[PDB]
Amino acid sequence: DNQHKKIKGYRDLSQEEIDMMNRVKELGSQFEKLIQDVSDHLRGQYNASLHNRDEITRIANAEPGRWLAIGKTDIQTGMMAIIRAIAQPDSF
């Protein structure tokens, strides 16, 4: 019960602060959908290119799944940083 009071640095949050935090998480949900849509686009692009050696090589050289994972990590850690600016923990 009231587990945030047991975690160091965590302060009591107003409803306004919880509302802004939830708004960030929700916009992130739409990014999750977009990233899923991009990942589906990549699978189909790779699928359509089977036995086109030159296009398979181009895709593999561009490394789009790796760049999609990089972008996902940046979106999530950016979310975390925005939520930190709102929630403002009392610890390093």
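The first residue of the shown sequence is 1; numbering continues from there.
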Greater mean Cα temperature factor according to the PDB record, 74-82 or 20-28: 20-28
Determine, from the deposited record, the chain-internal third of the Cα B-factor for residue 2: lowest, middle or highest. highest
Going by what the PDB entry lists, where does residue 37 fall on CA B-factor within its chain: lowest, middle or highest third? middle
Compare the C-alpha B factor of residue 62 with those of the other modelled residues in its chain, then answer lowest, middle or highest third. middle
